[PDB]
There are 2 protein chains.
Amino acid sequence: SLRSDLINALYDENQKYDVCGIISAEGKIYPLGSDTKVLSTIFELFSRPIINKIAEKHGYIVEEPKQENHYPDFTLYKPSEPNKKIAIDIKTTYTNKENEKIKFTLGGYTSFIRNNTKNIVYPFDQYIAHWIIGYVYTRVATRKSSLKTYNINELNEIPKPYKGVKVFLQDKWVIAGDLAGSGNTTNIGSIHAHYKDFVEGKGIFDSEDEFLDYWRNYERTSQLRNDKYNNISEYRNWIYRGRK
Amino acid sequence: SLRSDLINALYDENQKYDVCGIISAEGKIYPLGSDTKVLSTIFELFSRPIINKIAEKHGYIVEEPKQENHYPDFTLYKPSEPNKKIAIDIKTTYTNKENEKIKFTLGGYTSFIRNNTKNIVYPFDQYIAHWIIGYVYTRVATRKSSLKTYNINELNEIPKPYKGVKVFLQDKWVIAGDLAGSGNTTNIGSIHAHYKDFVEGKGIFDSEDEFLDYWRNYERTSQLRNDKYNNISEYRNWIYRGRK
DNA sequence: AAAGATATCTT
DNA sequence: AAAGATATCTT
């Protein structure tokens, strides 16, 4: 399927190549920065062609946001099935070592999940799937990346700002957690686990219906939440009380 | 001066090279997406080696943030002048059509300007200058050919998601405005004006102390600013009256 | 954790 | 505009 084809392609492209700089049209190469800010942009652009290659193979048109601050990164759809849209978002995070726990910010909990058309390329109810492509990189210990430019013949002298990268494709609801991923920008948090749990889809939600109800009713501050719910057990206790 | 040299080199480099994609170590080239999050990453990375070369020629050490969430992008300083550090921040915004009014978000107003060591590489009282390297780009819409990989020989054929990049170097207090640049993330807003006003420094503050005083007392929301002040006139009246 | 930082944009 | 969206990080 599109999903298994896309998953294999992602593993493969990641296995073959290591992005290492930005290139001018004149052939001048600039080394990469050290942040997730720089790497989330890089993994994003690295995934574009792969996604597009695979969607076209399965008959899906690919649309990116036309306006900024609209989810998702990639909207896949056959024109014969306008309500079978698939949402693909690239998310990046880091590890200090290759064996620690990671966590992702999985998108707002107050935009398109509480309002059909808010900050979303197409109305939320037109999407039947919401996949996350997750990139995990291990930071390099050095905090002093190249400060000079390179030529095309020097590509292997360019220090890369990561020592290892891993990628997974998973449904957003499966890896969602019950703790916010951000405070002022109200983001759903994923589980806090090892990379394999993400791949294996060992979430805390029992259904996507439960994932959505939880984030749709989750209060923004600690105060409001202490009178309702802070985690999955308390939400399950809140359902028992009559949603009160 | 460092500043005259730095701006000439920025202006010269801008006019001579054009970023057109990210490259892997293997030589495979990935085109650029159109959102400003991409273009701000690229302009950041394009400026790094220029800044570094010019600082070096003036005997300035260049230090980049050791932790994310820390201003500024580039801290310049001499070992002989530890308290005369120079902060350089790269800011990027767009224009729908070449030469319309633009605005920038100029950093939090509730972090290092209200707390000497908050989210800043070095205590804020060791910096004597805060420079903004501002980039303006005219947005060019993404197309088909941007969703495939290119090779080094096709470097001149890759569609770019921007046009007419202009660059300026200016003091943050000089282009600073009196309306917030963002709500929930409490950022200072720049003046809302044409490119030439940034170059020439046609801001609204009479001094850097006023800028600082205005932004260290600006309230976070409209309701809280109703009482106090929402713009420079009102701040000058509030000042006139005795800060009440 | 929770709350608010990091940069910039839309409505 | 003001306010709260875009993504992720610290602390």
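Proteins get letters first, then strands, A, B, ... in listed order; numbering begins at 1 in each.
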For B/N230, side-chain contact (heavy atoms from CB on, under 4.5 Å) partners two or more places apart: B/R225, B/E234

Can you sort out the partners of B/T221 under side-chain contact (heavy atoms from CB on, under 4.5 Å), two or more places apart, ordered by chain and number? B/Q223, B/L224

Under 4.0 Å protein heavy-atom contacts per nucleotide of nucleotides 6-11 of chain C, with B for base, S for backbone only and - for none: BBBBBS

Selection: residues 210-223 of chain A, any non-hydrogen atom under 4.0 Å of DNA chain D: none

Which residues in residues 188-202 of chain B have a heavy atom closer than 4.0 Å to any atom of DNA chain D? none

With sequence neighbours left out, what residues match [X] under ring-ring contact (aromatic ring centres under 6.0 Å, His included)?
{"X": "B/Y122", "value": "B/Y77"}
{"X": "B/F198", "value": "B/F104, B/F168"}
{"X": "A/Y214", "value": "A/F205, A/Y218, A/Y229, A/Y235"}

Would you tabulate the side-chain donor-acceptor contacts of residues 128-135 of chain B under 3.5 Å, counting partners in other chains and residues two or more places apart, or write 'none'?
| residue | atom | partner | partner atom | Å |
| --- | --- | --- | --- | --- |
| B/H130 | ND1 | B/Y71 | OH | 2.6 |
| B/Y135 | OH | B/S47 | OG | 2.6 |

Pairs satisfying salt bridge (charged side-chain N to carboxylate O under 4.0 Å, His left out), at least one member in residues 187-196 of chain A, at least two apart: A/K196-A/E200

Using side-chain hydrogen bond (donor to acceptor under 3.5 Å, both in side chains) as the criterion, list what pairs up with A/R114, not counting sequence neighbours. none

Salt bridge (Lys or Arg N to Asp or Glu O under 4.0 Å) partners of A/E68, counting only residues at least two apart: B/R139

